[PDB]
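*Asks:* One structure, pasted below without further comment.
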Amino acid sequence: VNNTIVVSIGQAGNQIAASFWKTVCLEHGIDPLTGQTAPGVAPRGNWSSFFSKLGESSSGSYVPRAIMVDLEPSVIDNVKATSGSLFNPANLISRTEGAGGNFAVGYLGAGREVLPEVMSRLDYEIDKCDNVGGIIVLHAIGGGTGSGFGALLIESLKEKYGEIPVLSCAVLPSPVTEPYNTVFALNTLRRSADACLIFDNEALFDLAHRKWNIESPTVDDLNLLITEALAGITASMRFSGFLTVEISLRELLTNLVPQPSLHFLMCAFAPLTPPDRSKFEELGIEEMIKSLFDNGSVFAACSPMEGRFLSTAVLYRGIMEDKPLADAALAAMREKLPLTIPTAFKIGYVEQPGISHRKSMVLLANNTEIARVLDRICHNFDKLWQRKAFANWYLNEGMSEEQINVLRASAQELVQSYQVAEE
Amino acid sequence: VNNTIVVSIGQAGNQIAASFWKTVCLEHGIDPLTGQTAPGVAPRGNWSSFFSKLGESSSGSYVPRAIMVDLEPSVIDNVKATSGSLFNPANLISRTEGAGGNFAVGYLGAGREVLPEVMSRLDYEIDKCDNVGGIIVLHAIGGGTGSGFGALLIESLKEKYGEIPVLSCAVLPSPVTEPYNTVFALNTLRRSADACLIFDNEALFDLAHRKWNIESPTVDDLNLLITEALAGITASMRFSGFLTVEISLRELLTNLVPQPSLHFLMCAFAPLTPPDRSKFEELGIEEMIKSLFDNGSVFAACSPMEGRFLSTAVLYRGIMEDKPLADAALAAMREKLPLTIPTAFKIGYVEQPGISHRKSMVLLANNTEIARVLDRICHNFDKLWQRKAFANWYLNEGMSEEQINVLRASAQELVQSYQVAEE
Amino acid sequence: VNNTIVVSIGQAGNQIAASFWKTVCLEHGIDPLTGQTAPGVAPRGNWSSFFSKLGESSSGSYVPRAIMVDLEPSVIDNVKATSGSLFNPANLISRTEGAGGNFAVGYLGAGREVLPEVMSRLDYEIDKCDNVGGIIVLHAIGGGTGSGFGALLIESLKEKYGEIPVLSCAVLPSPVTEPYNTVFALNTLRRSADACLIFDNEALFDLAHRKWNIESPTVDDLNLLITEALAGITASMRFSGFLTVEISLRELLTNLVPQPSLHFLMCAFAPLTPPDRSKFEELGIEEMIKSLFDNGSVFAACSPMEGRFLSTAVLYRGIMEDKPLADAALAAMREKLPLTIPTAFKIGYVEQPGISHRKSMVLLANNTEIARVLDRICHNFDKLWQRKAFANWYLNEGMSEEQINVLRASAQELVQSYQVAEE
Amino acid sequence: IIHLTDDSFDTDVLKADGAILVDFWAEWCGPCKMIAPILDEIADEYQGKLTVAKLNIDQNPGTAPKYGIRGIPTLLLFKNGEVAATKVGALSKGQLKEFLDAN
Amino acid sequence: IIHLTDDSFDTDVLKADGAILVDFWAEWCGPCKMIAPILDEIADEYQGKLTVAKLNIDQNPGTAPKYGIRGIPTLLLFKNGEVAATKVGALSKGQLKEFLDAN
Amino acid sequence: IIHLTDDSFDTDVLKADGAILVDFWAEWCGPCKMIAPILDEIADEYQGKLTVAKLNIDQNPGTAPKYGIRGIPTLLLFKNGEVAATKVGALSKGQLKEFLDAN
Ligand SMILES: Nc1nc2c(ncn2[C@@H]2O[C@H](COP(=O)(O)OP(=O)(O)OP(=O)(O)O)[C@@H](O)[C@H]2O)c(=O)[nH]1
Ligand SMILES: Nc1nc2c(ncn2[C@@H]2O[C@H](COP(=O)(O)OP(=O)(O)OP(=O)(O)O)[C@@H](O)[C@H]2O)c(=O)[nH]1
Ligand SMILES: Nc1nc2c(ncn2[C@@H]2O[C@H](COP(=O)(O)OP(=O)(O)OP(=O)(O)O)[C@@H](O)[C@H]2O)c(=O)[nH]1
């Protein structure tokens with residue numbers, strides 16, 4: 001049974017990480033403030049995939065295979081305040097300065113200083129695994145820690161461990177120096193991550209305002225959407241059962257990534273019903289599947305249907321009221337999708353529902369409209385770089401002017417890859 | 001969304017065309033005498049595939065993407081008499097003489113005279129398409145217009161437009177100069193049609209007499225059978241929906257034709273229940289599927305089960321009471337069929353029922369027993385040509401004696417192709 | 001429709017054969033003591049696959065396509081005593097001596113004497129087949145007739161008929177000279193049998209004691225288990241129907257054997273419910289499928305789940321209460337199995353239940369843990385051969401010392417094949 | 001369509017070369033009328049392979065009792081002068097075929 | 001979100017360039033409130049391709065009778081000054097799209 | 001099959017090396033008899049990996065109350081002197097395995 005380690009970097013990363021781990025504890029029946037279970041009981045499911053056991057069953061504990069890194073200490077302090085004795089205190093690493101929204105600080109400056117400690121915690125977590133099946137890196141790329149040190153650590157991870165799958169889950173800024181940091185991070189995510197799942201803050205914002213009626217959505221609201229999707233994607237790895245289709249990170253990325261140069265993914269979730277009504281109001285399978293494949297449901301500001309699908313996985317979990325109907329529906333979708341490069345259409349099923357929906361679905365797709373999201377970013381970068389807006393910020397920090405041109409070109413090489421895949 | 005143009009040539013062609021268009025209007029909720037819909041309402045389904053819209057929604061109209069050609073004017077006069085303002089009057093082209101059952105008149109004589117007008121109407125229809133997905137040519141090949149001009153026009157179509165799929169739906173005579181015209185037409189259908197679906201009048205006659213109790217079946221009765229099958233095959237192209245498996249003419253022929261030299265198809269329909277009882281008496285799925293694959297259900301005087309299937313599509317539409325049962329049944333058929341050249345077994349589903357059955361199926365097959373139908377024809381041709389029966393009819397009309405030997409040999413090359421595919 | 005001949009050799013072979021034929025008669029409605037059916041009625045199913053008809057329908061008979069060979073006459077005498085006029089008396093061939101548990105007697109001695117008669121009966125049975133689809137050889141390999149003459153006859157079969165599929169169903173001894181005879185027989189089963197299905201007496205013993213509560217299990221008890229599995233495997237060949245997936249021995253072995261060097265199979269059955277309760281106590285599909293794939297259900301003393309599956313067929317028959325559930329379950333198993341050499345996962349369905357269960361399943365697998373069973377055997381052989389225990393038994397009988405080393409090495413070449421397939 | 005009497009049964013059915021299917025039936029039998037149109041299709045598709053005969057048990061009461069008929073419709077398959085198989089009751093045109101295919 | 005009066009219908013709907021969807025509705029109509037949040041999503045996803053308008057039949061009783069409205073909610077698709085298609089009653093956000101896709 | 005007393009629990013269960021499954025049970029418990037034949041199969045298939053023990057709560061009333069047993073049958077998994085997991089009630093031989101596989 002495969003083990004996964006989740007590394008979270010920076011504000012967004014760690015706040016999402018905290019929400020993810022709380023949800024996963026609740027799914028497995030593990031006390032989210034203490035890592036304990038009721039007297040005599042073991043957690044549900046394949047808990048050892050994401051947790052390790054400490055000591056005897058009496059005073060012992062179930063410990064997230066988690067490492068949290070930041071430069072600014074506020075967010076990790078908050079985790080300590082809200083999460084009791086859940087985490088290994090040695091795995092929550094912070095310093096003192098923030099990176100001040102500067103990618104170069106995280107990659108070359110203060111970031112290089114934190115790396116030996118972070119890498120040493122990775123060593124320890126890795127070795128205490130029966131069989132390590134992947135590492136998930138949770139981060140935003142608009143700031144300077146998640147982007148810079150996220151870039152630094154993925155690179156580092158791949159050099160030292162090589163064969164271990166590394167998936168980035170990366171939050172993108174919504175239309176400051178954010179376009180610069182995004183582009184710089186993208187290079188590493190293109191060259192070194194085995195795959196990168198984007199979470200477009202612009203889309204998340206809209207969904208929270210639109211589908212949920214939140215006039216002024218907060219990051220907590222946006223994190224709910226991400227957490228559901230993360231819980232749902234990881235459910236294949238965290239449960240077993242008579243009907244449960246077990247799927248490793250390895251198997252998943254293999255099916256989602258047809259070439260190393262096309263490894264950027266997007267995702268959609270259903271139901272996007274407001275938490276306000278969550279268990280009282282349910283969608284039937286029809287409306288649910290319909291919604292899953294709707295342009296208004298993707299965690300990306302773009303329209304997958306106007307582009308082409310390179311690959312697709314539908315990850316279902318929970319109650320299955322009518323399997324002939326769901327199969328008929330998915331078969332119909334499979335014949336309706338705009339296609340490229342030969343496609344894959346994978347279907348996963350997990351018996352165990354999440355904690356908020358009786359049944360839910362995550363759609364992961366490798367689709368060419370990701371080019372639109374990426375294009376939006378590059379247009380903003382170019383708008384600032386054409387006039388060298390905050391350029392000295394990065395120049396005085398170790399990057400050279402010509403080398404950032406290389407990274408703007410590197411990202412362009414990735415945007416052209418997906419445009420070529422479409423036509 | 002794909003557009004289809006339906007060209008009908010000669011008596012049989014046009015009488016079938018009229019019946020087909022009336023049925024399609026009724027399926028889409030389009031008034032079959034005026035091309036209109038009730039005030040404010042649009043047609044059901046993907047109407048633009050087979051119809052174009054004329055003008056505003058008030059006094060406007062939905063116009064079959066149809067062209068009807070004949071030499072004798074009786075049949076097109078009858079269409080005008082029975083079909084109000086449905087057709088574009090410019091698309092109903094006729095002359096004065098019949099071809100007197102002479103293929104050569106249609107191909108070289110009076111047929112060559114009609115071609116520029118017919119081709120010009122094709123131009124106009126083609127250009128007013130968003131995306132043309134195919135042309136269907138409806139004709140009988142025992143006479144001289146459908147056969148001769150049908151041959152002329154398909155050849156012409158392929159030279160000018162090339163890439164557009166062209167499917168012939170060809171009616172074969174039942175055991176006069178009919179065997180001669182059939183053979184001459186077959187050459188073009190072999191070399192130039194992308195595919196040819198046969199409708200064997202002999203089988204249709206039997207079914208109408210046998211299954212329906214008609215002592216003296218008329219052509220109207222035979223056309224009912226053809227129309228149902230045509231409606232059913234075209235349903236994948238004319239409707240959309242949550243469970244509707246959309247399939248283009250392109251995709252269909254791709255799956256049905258494994259090599260360009262084996263593109264002759266046959267079809268079966270179910271239920272073949274008499275119209276007398278149509279909605280009051282229903283078959284269950286079992287009996288229906290059973291019947292579909294029965295030798296007594298094919299629109300060809302032969303037995304598909306005694307030959308070999310090169311390829312197969314089952315096109316279901318309407319109510320699905322029990323999908324696990326239907327899948328179990330089709331899977332069982334799939335393992336029961338005599339096979340060759342690697343096979344295909346495609347399943348289509350359309351939610352929308354036709355106008356006469358709550359559920360119905362069309363079976364299209366590329367099967368080697370078509371050789372039997374074709375053999376029957378050639379034996380009759382040889383019986384007349386051995387003694388030069390009406391030979392001067394064709395000799396005095398521009399064909400040379402040696403060139404008709406070429407066409408008898410050409411058809412023989414096609415009959416040997418299917419015999420080789422069997423062993 | 002395919003014909004099968006079943007040849008049974010030696011005590012175990014013939015006692016199993018008798019039990020198999022009685023069960024098959026009962027399934028087809030053929031009187032198991034006379035080969036007759038009630039007045040006017042034909043047998044159920046595709047009876048001609050395993051039976052031929054003798055004479056008129058009045059005084060006539062349905063005769064197992066069966067030949068039974070032994071050296072000792074006790075067992076065939078018993079068949080004559082218990083089976084009326086079912087068998088062709090000319091097909092029950094015996095002599096006078098037993099082979100005294102000596103492989104060499106069966107292969108080179110008294111066995112060579114019986115061969116022309118046995119081969120001549122094979123001739124006759126073969127020629128009276130419309131289309132021969134396979135020969136099943138039923139035998140134990142721990143004694144000297146089944147092993148020696150079994151080896152002799154399979155070799156002979158393949159030389160004379162070549163293309164006919166030959167499947168061995170071989171019973172293995174449970175932890176005397178049994179390890180010697182097993183190893184000697186294995187060579188032929190490796191080189192000449194198209195496939196060999198093992199029945200491990202050790203596992204059968206345990207199942208009968210464990211699952212059924214038999215303190216002192218007899219060979220009759222063990223034969224019940226074998227008979228069910230044989231009935232179940234042969235059901236695809238003996239029945240037809242709307243949902244019945246007809247599968248030939250040819251098609252079956254093709255799917256189960258990926259290379260000629262890996263053709264040893266194992267099987268499991270469900271339900272293993274005690275006959276005591278058979279029709280009163282039923283398992284649901286869940287428990288049934290679960291059990292089928294359980295290590296405690298295989299007719300081999302080993303654990304298929306700790307090894308790797310090269311290939312797999314699940315052969316279901318009888319009532320199907322919930323096909324979506326069964327498909328969901330099998331799909332889940334398919335994604336759970338330890339795999340190698342590309343795999344196959346075939347599913348068969350037969351409508352007709354057996355005589356004792358409303359629904360039942362046989363699992364046939366080509367799995368690498370068969371190496372364990374085989375290893376157990378070789379360790380016992382080596383334990384005796386290291387000290388030449390009963391060596392003169394075989395030396396004075398025509399085998400040379402170096403040639404039995406060849407056969408010990410030959411079996412080792414087969415055990416290494418399956419160990420290599422695992423890693 | 002072959003009609004039989006008690007007098008013609010011997011020659012038409014028993015002395016017959018090749019396989020033959022006999023439908024024992026009556027006008028007052030609902031299910032018998034049900035398969036009358038079905039039996040015509042088989043008379044076509046099994047040309048040479050089978051001949052299809054009918055015997056109306058009212059006007060020919062002598063034959064059915066000889067064959068142990070329990071009711072109508074009863075389909076009897078004859079080869080020489082012998083009953084190969086038996087089908088009692090009205091049935092699908094498909095189940096009839098699977099019955100004819102196997103015997 | 002475009003609100004209409006009887007006075008503004010001509011310019012806003014009939015003289016309009018490009019396609020337009022009009023929702024005839026009321027506050028006392030259960031089903032009308034049901035689709036209010038649905039109509040907002042379409043106003044986003046069909047930018048340039050469609051404009052979405054609303055007319056409250058209580059405060060503007062003059063327009064609906066002209067179009068033969070049988071009840072509410074009624075969605076009317078206009079192109080020039082002409083009704084392209086009609087949807088009566090509350091519906092899924094998906095059935096609404098398939099309706100918009102085809103016309 | 002290992003039988004226990006209150007006196008032997010300490011050595012047999014708590015001081016034991018390797019994992020151990022204890023079945024608290026009684027004769028007058030329907031469901032307890034149900035799994036008696038099931039527990040024997042696991043005693044085979046988990047050789048070395050597990051040892052299977054039984055404690056009859058009537059003749060040894062002292063042990064169950066110490067572990068907060070709510071009824072019978074109760075399966076307790078011990079590793080050192082510690083309860084790893086708990087299964088209450090009679091179950092399939094398959095659900096029992098998935099329970100043993102994960103812990
Ligand atoms: N979805 C989501 N986005 C967030 C969250 N927190 C911050 N963001 C976004 O993330 C981007 C900023 O990245 P941060 O992670 O906050 O910066 P950092 O690397 O952690 O910290 P510094 O380098 O010190 O600035 C902006 O686009 C924010 O809108 C969050 O909790 N959820
Ligand atoms: N199924 C069917 N067959 C028809 C129909 N009308 C004619 N036929 C058959 O078609 C063959 C004759 O071809 P036609 O189409 O009538 O001849 P044509 O090319 O239209 O006209 P001419 O060349 O002027 O004779 C004969 O085999 C007729 O039995 C019809 O409406 N339905
Ligand atoms: N499952 C099962 N095993 C049997 C049966 N009869 C014998 N055996 C086993 O088969 C092995 C002995 O092989 P036999 O078939 O009895 O020997 P043989 O070749 O028939 O006869 P000889 O050569 O004369 O000894 C031993 O392992 C027996 O335990 C039976 O009816 N069922």
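We label chains A, B, ... in the order they appear in the structure tokens, count residues from 1 in each chain, and number ligands from 1 in the order shown.
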List all protein, DNA and RNA residues that have an atom no more than 8 Å from any atom of ligand 3, counting only C-alpha atoms and all ligand atoms, and report them as a PyMOL selection string.

*Replies:* chain C and resi 9-16+70-72+97-103+105-106+139-148+171-174+178+199-201+204+219-220+222-223+226

*Asks:* Please produce a file of those selected residues containing C-alpha atoms, as a PDB file, in the first residue's frame.

*Replies:*
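Now in again02.pdb:
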```pdb
ATOM      1  CA  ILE C   9      -6.721 -42.757 -17.274  1.00  0.00           C
ATOM      2  CA  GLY C  10      -6.207 -44.698 -14.029  1.00  0.00           C
ATOM      3  CA  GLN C  11      -8.111 -44.883 -10.736  1.00  0.00           C
ATOM      4  CA  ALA C  12      -8.525 -41.193  -9.954  1.00  0.00           C
ATOM      5  CA  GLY C  13      -9.134 -40.313 -13.611  1.00  0.00           C
ATOM      6  CA  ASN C  14     -11.910 -42.818 -14.113  1.00  0.00           C
ATOM      7  CA  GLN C  15     -13.614 -42.230 -10.739  1.00  0.00           C
ATOM      8  CA  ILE C  16     -13.663 -38.505 -11.538  1.00  0.00           C
ATOM      9  CA  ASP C  70      -6.890 -48.497 -16.872  1.00  0.00           C
ATOM     10  CA  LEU C  71      -4.418 -51.351 -16.275  1.00  0.00           C
ATOM     11  CA  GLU C  72      -5.992 -52.620 -13.041  1.00  0.00           C
ATOM     12  CA  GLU C  97      -2.030 -55.854 -13.476  1.00  0.00           C
ATOM     13  CA  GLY C  98      -1.971 -52.420 -11.884  1.00  0.00           C
ATOM     14  CA  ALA C  99       1.166 -50.450 -12.678  1.00  0.00           C
ATOM     15  CA  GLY C 100       2.010 -50.765  -8.976  1.00  0.00           C
ATOM     16  CA  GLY C 101       2.533 -47.002  -8.719  1.00  0.00           C
ATOM     17  CA  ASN C 102       5.297 -47.136 -11.311  1.00  0.00           C
ATOM     18  CA  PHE C 103       5.351 -44.479 -14.024  1.00  0.00           C
ATOM     19  CA  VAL C 105       5.276 -49.477 -16.338  1.00  0.00           C
ATOM     20  CA  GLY C 106       2.631 -47.138 -17.781  1.00  0.00           C
ATOM     21  CA  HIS C 139      -5.890 -38.260 -14.631  1.00  0.00           C
ATOM     22  CA  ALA C 140      -3.910 -38.364 -11.369  1.00  0.00           C
ATOM     23  CA  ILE C 141      -0.159 -38.213 -11.748  1.00  0.00           C
ATOM     24  CA  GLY C 142       0.953 -39.754  -8.415  1.00  0.00           C
ATOM     25  CA  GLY C 143       0.337 -43.345  -9.572  1.00  0.00           C
ATOM     26  CA  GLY C 144       1.680 -45.217 -12.595  1.00  0.00           C
ATOM     27  CA  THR C 145      -1.138 -45.530 -15.102  1.00  0.00           C
ATOM     28  CA  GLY C 146      -2.495 -41.966 -15.201  1.00  0.00           C
ATOM     29  CA  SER C 147       1.099 -40.661 -15.091  1.00  0.00           C
ATOM     30  CA  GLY C 148       2.857 -43.146 -17.382  1.00  0.00           C
ATOM     31  CA  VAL C 171      -4.563 -34.486  -9.873  1.00  0.00           C
ATOM     32  CA  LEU C 172      -1.477 -33.947  -7.719  1.00  0.00           C
ATOM     33  CA  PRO C 173      -0.621 -36.067  -4.653  1.00  0.00           C
ATOM     34  CA  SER C 174      -0.858 -34.688  -1.109  1.00  0.00           C
ATOM     35  CA  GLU C 178       4.225 -40.375  -5.704  1.00  0.00           C
ATOM     36  CA  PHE C 199      -6.148 -30.213  -8.965  1.00  0.00           C
ATOM     37  CA  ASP C 200      -4.086 -30.258  -5.803  1.00  0.00           C
ATOM     38  CA  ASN C 201      -5.303 -33.034  -3.513  1.00  0.00           C
ATOM     39  CA  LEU C 204      -9.131 -30.352  -1.901  1.00  0.00           C
ATOM     40  CA  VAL C 219     -12.035 -39.438  -2.544  1.00  0.00           C
ATOM     41  CA  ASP C 220     -15.771 -39.134  -3.282  1.00  0.00           C
ATOM     42  CA  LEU C 222     -12.750 -34.578  -3.277  1.00  0.00           C
ATOM     43  CA  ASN C 223     -14.336 -35.586  -6.584  1.00  0.00           C
ATOM     44  CA  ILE C 226     -13.456 -31.410  -9.098  1.00  0.00           C
TER      45      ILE C 226
END
```

*Asks:* To test your reading of the structure, identify every residue in chain D that backbone DSSP assigns to strand (DSSP E), and report it as number ranges by chain.

*Replies:* D: 2-3, 20-25, 51-56, 74-78, 83-88

*Asks:* Can you tell me, as a PDB file with C-alpha atoms, in the first residue's frame, what residues are no more than 10 Å from stretch 68-75 of chain E when counting only C-alpha atoms, ignoring any on the same chain fewer than 3 positions away?

*Replies:*
```pdb
ATOM      1  CA  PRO B  39     -45.938  30.174 -33.425  1.00  0.00           C
ATOM      2  CA  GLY B  40     -42.804  30.869 -31.324  1.00  0.00           C
TER       3      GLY B  40
ATOM      4  CA  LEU E  21     -33.353  36.050 -24.170  1.00  0.00           C
ATOM      5  CA  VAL E  22     -36.326  37.519 -22.322  1.00  0.00           C
ATOM      6  CA  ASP E  23     -37.579  36.184 -18.996  1.00  0.00           C
ATOM      7  CA  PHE E  24     -41.235  37.064 -18.382  1.00  0.00           C
ATOM      8  CA  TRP E  25     -41.688  36.593 -14.645  1.00  0.00           C
ATOM      9  CA  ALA E  26     -43.223  37.628 -11.298  1.00  0.00           C
ATOM     10  CA  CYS E  29     -44.183  32.794  -9.065  1.00  0.00           C
ATOM     11  CA  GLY E  30     -42.287  30.030  -7.262  1.00  0.00           C
ATOM     12  CA  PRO E  31     -40.571  28.601 -10.390  1.00  0.00           C
ATOM     13  CA  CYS E  32     -39.512  32.092 -11.579  1.00  0.00           C
ATOM     14  CA  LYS E  33     -37.341  32.638  -8.500  1.00  0.00           C
ATOM     15  CA  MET E  34     -35.893  29.144  -9.089  1.00  0.00           C
ATOM     16  CA  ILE E  35     -34.171  30.221 -12.337  1.00  0.00           C
ATOM     17  CA  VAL E  52     -30.264  38.370 -21.135  1.00  0.00           C
ATOM     18  CA  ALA E  53     -33.320  40.512 -20.318  1.00  0.00           C
ATOM     19  CA  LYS E  54     -36.126  40.405 -17.735  1.00  0.00           C
ATOM     20  CA  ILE E  57     -45.379  41.105 -15.890  1.00  0.00           C
ATOM     21  CA  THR E  63     -46.150  42.993 -23.401  1.00  0.00           C
ATOM     22  CA  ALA E  64     -46.824  39.307 -22.605  1.00  0.00           C
ATOM     23  CA  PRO E  65     -50.351  39.198 -24.154  1.00  0.00           C
ATOM     24  CA  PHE E  78     -35.287  37.058 -29.997  1.00  0.00           C
ATOM     25  CA  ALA E  85     -37.640  29.889 -29.716  1.00  0.00           C
ATOM     26  CA  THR E  86     -39.675  29.516 -26.529  1.00  0.00           C
ATOM     27  CA  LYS E  87     -39.081  27.823 -23.172  1.00  0.00           C
ATOM     28  CA  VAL E  88     -41.930  27.608 -20.666  1.00  0.00           C
ATOM     29  CA  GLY E  89     -41.272  26.678 -17.034  1.00  0.00           C
ATOM     30  CA  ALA E  90     -38.270  26.364 -14.756  1.00  0.00           C
ATOM     31  CA  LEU E  91     -35.461  24.136 -15.958  1.00  0.00           C
ATOM     32  CA  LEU E  96     -31.238  25.621 -20.939  1.00  0.00           C
TER      33      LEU E  96
END
```

*Asks:* Would you mind telling me which residue in A:120, A:177, A:236, A:403 lies nearest to ligand 1 when using only C-alpha atoms and all ligand atoms?

*Replies:*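 Closest to ligand 1 of all the choices is A:177.
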
*Asks:* Could you work out which residues of chain D fall inside 9 Å of chain B? Count only C-alpha atoms, and format the result as an MDAnalysis selection string.

*Replies:* chainID D and resid 37 40:41 45 92:94

*Asks:* Save out the residues we just selected, C-alpha atoms, as a PDB file, in the first residue's frame.

*Replies:*
```
ATOM      1  CA  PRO D  37     -47.931 -16.999 -39.001  1.00  0.00           C
ATOM      2  CA  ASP D  40     -44.787 -19.981 -42.358  1.00  0.00           C
ATOM      3  CA  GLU D  41     -41.425 -18.184 -41.866  1.00  0.00           C
ATOM      4  CA  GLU D  45     -35.806 -20.353 -44.033  1.00  0.00           C
ATOM      5  CA  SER D  92     -41.204 -17.078 -30.096  1.00  0.00           C
ATOM      6  CA  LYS D  93     -39.895 -17.435 -33.653  1.00  0.00           C
ATOM      7  CA  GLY D  94     -36.449 -17.337 -32.001  1.00  0.00           C
TER       8      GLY D  94
END
```

*Asks:* What's the 12 Å shell around stretch 407-421 of chain A, counting only C-alpha atoms, without same-chain residues fewer than 4 positions away, as a PyMOL selection string?

*Replies:* chain A and resi 179-191+258-265+307-311+338-343+366-382+385-386+399-403

*Asks:* When distances are computed from only C-alpha atoms, which of B:108, B:153, B:331, B:122 shows the smallest separation from chain C?

*Replies:*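 Distance minimum relative to chain C lands on B:331.
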
*Asks:* Just to confirm, what's the straight-line distance from atom CA of residue F:100 to atom CA of residue F:81 in Å (one decimal)?

*Replies:* 17.6 Å

*Asks:* Write out as a ChimeraX atom specification which residues come within 10 Å of residue D:84 when counting only C-alpha atoms, dropping same-chain ones fewer than 6 positions away.

*Replies:* /C:39-42,56-58 /D:19-21,76-78,103

*Asks:* Could you write those residues out with N, CA and C atoms, as a tab-separated table (two decimals), in the first residue's frame?

*Replies:*
```tsv
chain	number	residue	atom	x	y	z
C	39	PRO	N	-39.85	-40.19	-23.29
C	39	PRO	CA	-40.39	-40.44	-24.65
C	39	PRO	C	-40.73	-39.15	-25.41
C	40	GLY	N	-40.11	-38.97	-26.58
C	40	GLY	CA	-40.34	-37.80	-27.43
C	40	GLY	C	-39.42	-36.60	-27.17
C	41	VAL	N	-38.77	-36.54	-26.01
C	41	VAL	CA	-37.99	-35.35	-25.67
C	41	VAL	C	-36.52	-35.47	-26.06
C	42	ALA	N	-35.93	-34.36	-26.49
C	42	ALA	CA	-34.51	-34.33	-26.77
C	42	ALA	C	-33.78	-33.82	-25.52
C	56	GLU	N	-32.31	-44.87	-34.02
C	56	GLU	CA	-33.63	-44.22	-33.98
C	56	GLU	C	-33.93	-43.58	-32.61
C	57	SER	N	-34.97	-42.75	-32.55
C	57	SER	CA	-35.32	-42.08	-31.30
C	57	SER	C	-36.06	-42.96	-30.28
C	58	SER	N	-36.62	-44.07	-30.75
C	58	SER	CA	-37.39	-45.00	-29.92
C	58	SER	C	-36.48	-45.79	-28.95
D	19	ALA	N	-36.07	-34.50	-42.48
D	19	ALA	CA	-36.74	-34.06	-41.26
D	19	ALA	C	-38.08	-33.36	-41.50
D	20	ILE	N	-39.02	-33.54	-40.57
D	20	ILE	CA	-40.37	-32.98	-40.70
D	20	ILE	C	-40.98	-32.54	-39.36
D	21	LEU	N	-41.58	-31.35	-39.35
D	21	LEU	CA	-42.17	-30.78	-38.14
D	21	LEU	C	-43.69	-30.74	-38.24
D	76	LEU	N	-44.08	-31.61	-33.24
D	76	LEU	CA	-43.30	-32.83	-33.24
D	76	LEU	C	-42.30	-32.84	-34.40
D	77	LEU	N	-41.03	-33.08	-34.07
D	77	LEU	CA	-40.00	-33.23	-35.09
D	77	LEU	C	-39.80	-34.71	-35.40
D	78	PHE	N	-40.01	-35.07	-36.66
D	78	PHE	CA	-39.80	-36.44	-37.15
D	78	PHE	C	-38.58	-36.48	-38.07
D	103	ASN	N	-31.34	-29.83	-33.04
D	103	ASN	CA	-31.78	-31.17	-33.45
D	103	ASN	C	-31.94	-31.33	-34.96
```

*Asks:* What does the structure give for the distance between atom CA of residue C:5 and atom CA of residue C:134, in Å to one decimal?

*Replies:*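 Going from atom CA of residue C:5 over to atom CA of residue C:134, I get 6.8 Å.
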